[PDB]
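Q: Next comes the structure file query01.tsv, holding TSV, N, CA and C atoms.
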chain	number	residue	atom	x	y	z
A	227	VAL	N	-20.59	25.69	-1.15
A	227	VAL	CA	-20.04	25.32	-2.45
A	227	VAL	C	-18.76	26.12	-2.65
A	228	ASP	N	-17.70	25.43	-3.09
A	228	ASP	CA	-16.37	26.02	-3.23
A	228	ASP	C	-15.93	26.71	-1.94
A	229	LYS	N	-16.33	26.14	-0.81
A	229	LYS	CA	-16.06	26.69	0.52
A	229	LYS	C	-16.57	28.12	0.68
A	230	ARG	N	-17.68	28.47	0.04
A	230	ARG	CA	-18.47	29.62	0.46
A	230	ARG	C	-19.93	29.23	0.61
A	231	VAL	N	-20.61	29.89	1.54
A	231	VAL	CA	-22.02	29.65	1.78
A	231	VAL	C	-22.85	30.23	0.65
A	232	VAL	N	-23.59	29.36	-0.05
A	232	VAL	CA	-24.46	29.77	-1.14
A	232	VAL	C	-25.93	29.81	-0.74
A	233	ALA	N	-26.30	29.17	0.37
A	233	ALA	CA	-27.68	29.17	0.86
A	233	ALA	C	-27.67	28.85	2.35
A	234	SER	N	-28.81	29.10	2.99
A	234	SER	CA	-29.02	28.72	4.38
A	234	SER	C	-30.47	28.30	4.59
A	235	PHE	N	-30.69	27.52	5.65
A	235	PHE	CA	-31.99	26.90	5.89
A	235	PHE	C	-32.26	26.83	7.38
A	236	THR	N	-33.53	26.93	7.75
A	236	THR	CA	-33.98	26.53	9.07
A	236	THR	C	-34.28	25.03	9.14
A	237	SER	N	-34.47	24.55	10.37
A	237	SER	CA	-34.99	23.20	10.61
A	237	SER	C	-36.30	22.95	9.88
A	238	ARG	N	-37.09	24.00	9.67
A	238	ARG	CA	-38.34	23.89	8.92
A	238	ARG	C	-38.10	23.60	7.44
A	239	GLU	N	-37.04	24.16	6.86
A	239	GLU	CA	-36.85	24.08	5.42
A	239	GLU	C	-35.99	22.91	4.97
A	240	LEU	N	-35.16	22.33	5.83
A	240	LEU	CA	-34.29	21.23	5.42
A	240	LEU	C	-34.30	20.13	6.47
A	241	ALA	N	-34.54	18.90	6.01
A	241	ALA	CA	-34.33	17.70	6.81
A	241	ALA	C	-32.86	17.29	6.81
A	242	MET	N	-32.43	16.69	7.92
A	242	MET	CA	-31.23	15.86	7.96
A	242	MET	C	-31.57	14.52	8.60
A	243	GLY	N	-31.15	13.44	7.94
A	243	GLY	CA	-31.34	12.09	8.46
A	243	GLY	C	-30.02	11.36	8.59
A	244	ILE	N	-29.84	10.67	9.72
A	244	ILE	CA	-28.61	9.94	10.03
A	244	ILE	C	-28.99	8.57	10.57
A	245	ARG	N	-28.32	7.53	10.07
A	245	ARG	CA	-28.59	6.16	10.49
A	245	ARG	C	-27.71	5.69	11.64
A	246	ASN	N	-26.45	6.14	11.71
A	246	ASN	CA	-25.47	5.63	12.66
A	246	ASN	C	-25.05	6.74	13.62
A	247	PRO	N	-25.94	7.16	14.52
A	247	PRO	CA	-25.62	8.28	15.41
A	247	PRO	C	-24.57	7.90	16.45
A	248	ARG	N	-23.97	8.94	17.03
A	248	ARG	CA	-22.97	8.79	18.07
A	248	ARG	C	-23.22	9.82	19.16
A	249	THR	N	-22.95	9.44	20.41
A	249	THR	CA	-22.90	10.41	21.50
A	249	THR	C	-21.59	11.18	21.55
A	250	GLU	N	-20.52	10.63	20.97
A	250	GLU	CA	-19.20	11.23	20.97
A	250	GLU	C	-19.26	12.73	20.70
A	251	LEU	N	-18.74	13.52	21.65
A	251	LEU	CA	-18.86	14.97	21.57
A	251	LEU	C	-18.32	15.51	20.26
A	252	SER	N	-17.14	15.04	19.84
A	252	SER	CA	-16.52	15.53	18.61
A	252	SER	C	-17.21	15.04	17.34
A	253	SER	N	-18.11	14.05	17.43
A	253	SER	CA	-18.88	13.67	16.25
A	253	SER	C	-19.78	14.80	15.76
A	254	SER	N	-20.07	15.78	16.62
A	254	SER	CA	-20.72	17.03	16.23
A	254	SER	C	-22.06	16.80	15.54
A	255	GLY	N	-22.73	15.69	15.83
A	255	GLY	CA	-24.02	15.40	15.24
A	255	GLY	C	-24.01	14.77	13.87
A	256	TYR	N	-22.85	14.53	13.27
A	256	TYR	CA	-22.80	13.88	11.98
A	256	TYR	C	-22.86	12.36	12.12
A	257	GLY	N	-23.14	11.70	10.99
A	257	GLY	CA	-23.25	10.26	10.93
A	257	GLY	C	-21.91	9.55	10.90
A	258	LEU	N	-21.96	8.28	10.48
A	258	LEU	CA	-20.76	7.45	10.39
A	258	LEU	C	-20.95	6.47	9.24
A	259	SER	N	-20.25	6.71	8.13
A	259	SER	CA	-20.37	5.86	6.95
A	259	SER	C	-19.62	4.55	7.15
A	260	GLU	N	-20.25	3.45	6.72
A	260	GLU	CA	-19.55	2.17	6.59
A	260	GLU	C	-18.38	2.23	5.61
A	261	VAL	N	-18.40	3.16	4.66
A	261	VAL	CA	-17.25	3.37	3.79
A	261	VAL	C	-16.04	3.86	4.59
A	262	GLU	N	-16.27	4.70	5.59
A	262	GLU	CA	-15.19	5.11	6.47
A	262	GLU	C	-14.65	3.93	7.28
A	263	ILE	N	-15.55	3.16	7.88
A	263	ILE	CA	-15.14	2.02	8.70
A	263	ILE	C	-14.40	0.98	7.86
A	264	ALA	N	-14.95	0.64	6.70
A	264	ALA	CA	-14.42	-0.41	5.83
A	264	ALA	C	-13.31	0.06	4.88
A	265	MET	N	-12.82	1.29	5.02
A	265	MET	CA	-11.99	1.89	3.98
A	265	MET	C	-10.73	1.06	3.70
A	266	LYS	N	-10.07	0.57	4.74
A	266	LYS	CA	-8.93	-0.34	4.58
A	266	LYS	C	-9.29	-1.56	3.74
A	267	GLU	N	-10.43	-2.18	4.04
A	267	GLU	CA	-10.89	-3.33	3.25
A	267	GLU	C	-11.13	-2.96	1.78
A	268	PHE	N	-11.75	-1.82	1.51
A	268	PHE	CA	-11.92	-1.39	0.12
A	268	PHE	C	-10.59	-1.15	-0.58
A	269	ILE	N	-9.61	-0.57	0.12
A	269	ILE	CA	-8.29	-0.38	-0.47
A	269	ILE	C	-7.61	-1.71	-0.77
A	270	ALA	N	-7.62	-2.63	0.20
A	270	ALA	CA	-7.08	-3.97	-0.03
A	270	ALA	C	-7.75	-4.68	-1.21
A	271	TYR	N	-9.07	-4.62	-1.30
A	271	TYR	CA	-9.79	-5.10	-2.47
A	271	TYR	C	-9.26	-4.50	-3.77
A	272	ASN	N	-9.24	-3.17	-3.86
A	272	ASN	CA	-8.71	-2.49	-5.03
A	272	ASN	C	-7.30	-2.96	-5.40
A	273	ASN	N	-6.42	-3.06	-4.40
A	273	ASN	CA	-5.06	-3.51	-4.68
A	273	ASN	C	-5.02	-4.94	-5.20
A	274	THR	N	-5.78	-5.85	-4.60
A	274	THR	CA	-5.76	-7.24	-5.08
A	274	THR	C	-6.35	-7.37	-6.48
A	275	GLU	N	-7.34	-6.54	-6.80
A	275	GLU	CA	-7.89	-6.49	-8.16
A	275	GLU	C	-6.85	-5.98	-9.16
A	276	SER	N	-6.17	-4.88	-8.83
A	276	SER	CA	-5.11	-4.38	-9.70
A	276	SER	C	-4.00	-5.41	-9.87
A	277	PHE	N	-3.60	-6.07	-8.79
A	277	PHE	CA	-2.60	-7.13	-8.87
A	277	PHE	C	-3.00	-8.22	-9.86
A	278	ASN	N	-4.22	-8.73	-9.73
A	278	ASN	CA	-4.66	-9.80	-10.63
A	278	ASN	C	-4.79	-9.33	-12.08
A	279	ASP	N	-5.23	-8.09	-12.29
A	279	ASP	CA	-5.34	-7.54	-13.64
A	279	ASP	C	-3.98	-7.28	-14.30
A	280	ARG	N	-2.98	-6.87	-13.51
A	280	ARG	CA	-1.68	-6.52	-14.07
A	280	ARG	C	-0.91	-7.69	-14.67
A	281	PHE	N	-1.29	-8.94	-14.41
A	281	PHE	CA	-0.70	-10.03	-15.18
A	281	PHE	C	-0.87	-9.79	-16.68
A	282	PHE	N	-2.08	-9.42	-17.09
A	282	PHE	CA	-2.35	-9.08	-18.49
A	282	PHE	C	-1.93	-7.66	-18.81
B	283	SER	N	4.03	-10.39	17.18
B	283	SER	CA	4.47	-9.42	18.18
B	283	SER	C	5.99	-9.38	18.29
B	284	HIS	N	6.65	-10.55	18.23
B	284	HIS	CA	8.08	-10.67	18.53
B	284	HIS	C	8.86	-11.48	17.51
B	285	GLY	N	8.21	-12.18	16.59
B	285	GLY	CA	8.90	-13.18	15.80
B	285	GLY	C	9.69	-12.59	14.65
B	286	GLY	N	10.56	-13.42	14.09
B	286	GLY	CA	11.02	-13.24	12.73
B	286	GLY	C	10.13	-13.89	11.69
B	287	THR	N	9.40	-13.06	10.95
B	287	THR	CA	8.58	-13.51	9.83
B	287	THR	C	9.38	-13.68	8.54
B	288	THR	N	10.67	-13.36	8.56
B	288	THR	CA	11.48	-13.31	7.34
B	288	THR	C	11.39	-14.60	6.54
B	289	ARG	N	10.94	-14.47	5.29
B	289	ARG	CA	10.71	-15.64	4.44
B	289	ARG	C	12.00	-16.42	4.22
B	290	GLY	N	13.11	-15.73	3.99
B	290	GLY	CA	14.33	-16.41	3.59
B	290	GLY	C	15.42	-15.40	3.31
B	291	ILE	N	16.59	-15.94	2.96
B	291	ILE	CA	17.76	-15.14	2.61
B	291	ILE	C	18.05	-15.31	1.13
B	292	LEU	N	18.21	-14.18	0.43
B	292	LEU	CA	18.70	-14.16	-0.95
B	292	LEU	C	20.23	-14.12	-0.89
B	293	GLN	N	20.87	-15.27	-1.13
B	293	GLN	CA	22.32	-15.33	-1.22
B	293	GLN	C	22.79	-15.03	-2.64
B	294	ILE	N	23.52	-13.93	-2.79
B	294	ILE	CA	24.27	-13.61	-4.00
B	294	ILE	C	25.73	-13.77	-3.63
B	295	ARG	N	26.51	-14.38	-4.51
B	295	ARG	CA	27.91	-14.67	-4.20
B	295	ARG	C	28.81	-14.37	-5.39
B	296	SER	N	29.94	-13.73	-5.10
B	296	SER	CA	30.97	-13.46	-6.09
B	296	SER	C	32.31	-13.43	-5.37
B	297	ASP	N	33.38	-13.19	-6.14
B	297	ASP	CA	34.74	-13.23	-5.60
B	297	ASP	C	34.91	-12.39	-4.33
B	298	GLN	N	34.19	-11.28	-4.22
B	298	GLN	CA	34.19	-10.52	-2.97
B	298	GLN	C	32.84	-9.84	-2.78
B	299	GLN	N	32.47	-9.65	-1.52
B	299	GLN	CA	31.26	-8.91	-1.18
B	299	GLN	C	31.29	-7.48	-1.71
B	300	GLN	N	30.12	-6.99	-2.12
B	300	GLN	CA	29.96	-5.60	-2.50
B	300	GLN	C	30.23	-4.67	-1.32
B	301	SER	N	30.79	-3.50	-1.62
B	301	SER	CA	30.83	-2.42	-0.64
B	301	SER	C	29.42	-2.03	-0.20
B	302	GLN	N	29.34	-1.38	0.96
B	302	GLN	CA	28.05	-0.93	1.47
B	302	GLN	C	27.39	0.08	0.54
B	303	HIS	N	28.17	0.98	-0.05
B	303	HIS	CA	27.63	1.94	-1.02
B	303	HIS	C	27.02	1.23	-2.22
B	304	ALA	N	27.77	0.31	-2.81
B	304	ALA	CA	27.27	-0.49	-3.93
B	304	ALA	C	25.98	-1.20	-3.57
B	305	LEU	N	25.94	-1.81	-2.39
B	305	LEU	CA	24.77	-2.55	-1.94
B	305	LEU	C	23.57	-1.64	-1.69
B	306	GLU	N	23.78	-0.43	-1.17
B	306	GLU	CA	22.67	0.49	-0.98
B	306	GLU	C	22.14	1.09	-2.28
B	307	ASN	N	22.99	1.31	-3.28
B	307	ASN	CA	22.43	1.73	-4.55
B	307	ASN	C	21.88	0.56	-5.36
B	308	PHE	N	22.31	-0.67	-5.07
B	308	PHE	CA	21.59	-1.83	-5.58
B	308	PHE	C	20.21	-1.97	-4.95
B	309	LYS	N	20.08	-1.68	-3.65
B	309	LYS	CA	18.77	-1.55	-3.02
B	309	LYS	C	17.90	-0.47	-3.66
B	310	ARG	N	18.50	0.63	-4.11
B	310	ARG	CA	17.71	1.64	-4.82
B	310	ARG	C	17.30	1.17	-6.21
B	311	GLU	N	18.21	0.55	-6.96
B	311	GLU	CA	17.84	-0.09	-8.22
B	311	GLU	C	16.71	-1.09	-8.03
B	312	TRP	N	16.76	-1.87	-6.95
B	312	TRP	CA	15.74	-2.87	-6.68
B	312	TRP	C	14.39	-2.21	-6.41
B	313	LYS	N	14.32	-1.35	-5.40
B	313	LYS	CA	13.03	-0.79	-4.99
B	313	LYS	C	12.41	0.10	-6.06
B	314	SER	N	13.21	0.89	-6.77
B	314	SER	CA	12.65	1.70	-7.85
B	314	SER	C	12.11	0.88	-9.02
B	315	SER	N	12.44	-0.41	-9.11
B	315	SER	CA	12.01	-1.25	-10.23
B	315	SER	C	11.01	-2.34	-9.87
B	316	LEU	N	10.95	-2.78	-8.61
B	316	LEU	CA	10.28	-4.02	-8.26
B	316	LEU	C	9.30	-3.93	-7.09
B	317	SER	N	9.28	-2.83	-6.34
B	317	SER	CA	8.49	-2.78	-5.13
B	317	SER	C	7.03	-2.42	-5.42
B	318	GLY	N	6.16	-2.88	-4.53
B	318	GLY	CA	4.74	-2.60	-4.49
B	318	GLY	C	3.95	-3.13	-5.69
B	319	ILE	N	2.77	-2.54	-5.86
B	319	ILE	CA	1.96	-2.78	-7.06
B	319	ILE	C	2.67	-2.28	-8.31
B	320	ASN	N	3.37	-1.15	-8.21
B	320	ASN	CA	4.01	-0.57	-9.39
B	320	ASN	C	5.02	-1.51	-10.04
B	321	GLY	N	5.79	-2.24	-9.23
B	321	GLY	CA	6.76	-3.21	-9.71
B	321	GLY	C	6.29	-4.64	-9.84
B	322	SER	N	5.01	-4.90	-9.59
B	322	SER	CA	4.59	-6.19	-9.06
B	322	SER	C	4.88	-7.37	-9.99
B	323	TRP	N	4.84	-7.18	-11.31
B	323	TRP	CA	5.06	-8.29	-12.24
B	323	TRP	C	6.39	-8.24	-12.98
B	324	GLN	N	7.26	-7.27	-12.70
B	324	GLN	CA	8.58	-7.26	-13.31
B	324	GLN	C	9.48	-8.32	-12.67
B	325	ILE	N	10.43	-8.82	-13.45
B	325	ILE	CA	11.43	-9.78	-12.99
B	325	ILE	C	12.80	-9.13	-13.11
B	326	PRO	N	13.62	-9.12	-12.06
B	326	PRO	CA	15.02	-8.67	-12.21
B	326	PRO	C	15.87	-9.66	-12.98
B	327	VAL	N	16.75	-9.13	-13.83
B	327	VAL	CA	17.87	-9.89	-14.38
B	327	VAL	C	19.12	-9.53	-13.59
B	328	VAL	N	19.83	-10.54	-13.12
B	328	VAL	CA	21.06	-10.39	-12.35
B	328	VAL	C	22.08	-11.39	-12.88
B	329	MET	N	23.34	-10.97	-12.99
B	329	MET	CA	24.38	-11.76	-13.64
B	329	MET	C	25.50	-12.12	-12.67
B	330	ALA	N	25.17	-12.23	-11.39
B	330	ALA	CA	26.10	-12.72	-10.38
B	330	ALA	C	26.58	-14.13	-10.73
B	331	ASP	N	27.72	-14.50	-10.14
B	331	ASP	CA	28.28	-15.83	-10.37
B	331	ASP	C	27.33	-16.93	-9.92
B	332	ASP	N	26.70	-16.77	-8.76
B	332	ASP	CA	25.62	-17.67	-8.37
B	332	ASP	C	24.64	-16.94	-7.46
B	333	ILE	N	23.38	-17.34	-7.56
B	333	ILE	CA	22.27	-16.77	-6.80
B	333	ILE	C	21.49	-17.91	-6.17
B	334	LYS	N	21.20	-17.79	-4.88
B	334	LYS	CA	20.47	-18.81	-4.14
B	334	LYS	C	19.51	-18.12	-3.18
B	335	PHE	N	18.37	-18.76	-2.94
B	335	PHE	CA	17.40	-18.31	-1.95
B	335	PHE	C	17.15	-19.42	-0.94
B	336	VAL	N	17.40	-19.12	0.33
B	336	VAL	CA	17.31	-20.07	1.43
B	336	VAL	C	15.97	-19.84	2.13
B	337	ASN	N	15.14	-20.87	2.17
B	337	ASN	CA	13.83	-20.80	2.81
B	337	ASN	C	13.99	-21.05	4.31
B	338	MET	N	13.55	-20.08	5.12
B	338	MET	CA	13.64	-20.15	6.57
B	338	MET	C	12.31	-20.36	7.27
Mind converting the file's structure to structure tokens?
A:
Amino acid sequence: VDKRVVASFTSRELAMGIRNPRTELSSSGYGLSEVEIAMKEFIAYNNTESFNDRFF
Amino acid sequence: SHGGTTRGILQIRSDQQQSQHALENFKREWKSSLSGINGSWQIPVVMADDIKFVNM
């Protein structure tokens, strides 16, 4: 929190669950959000919504 | 990959062509007022002798 360690846990005390695993070495065991993959599409959506709203 | 996608040419015409300096600060007047989402619904007023747009 605020880029300082406020707590620590063993494998016994905390679960981690990931749906979209990767073998990629630099993935470092983290997942992969569809929000990351689709981010361009979400931005394009937001822009087209703002465009249509800005008529009014 | 290689084409000209250019929609058309905006022909502005008067007794003589603008200097390059005049034309580049007209480009600044244009982009600061009309580009992107920020400019998206504004209309320029221009008082040239004649204005034409050629569809290519």
Q: Rounded to one decimal in Å, what is the spacing between atom C of residue 282 (chain A) and CA of residue 317 (chain B)?
A: 17.9 Å
Q: Choose the residue, out of B:325, B:291, B:330, B:338, that has the smallest atom-to-atom separation from residue 312 (chain B); count only C-alpha atoms.
A: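 Ranking B:325, B:291, B:330, B:338 by distance to residue 312 (chain B), first place goes to B:325.
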Q: Within 9 Å of chain B, which residues of chain A are there when counting only C-alpha atoms? Please give them as number ranges by chain.
A: A: 273, 276-277, 280-281
Q: From a DSSP pass on the backbone, collect the residues of chain A flagged as alpha helix (DSSP H) and hand them back as a VMD selection string.
A: chain A and resid 260 to 263 265 to 280
Q: What is the distance, in Å and to one decimal place, between atom N of residue 239 (chain A) and CA of residue 253 (chain A)?
A: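 These atoms are spaced 23.0 Å apart.
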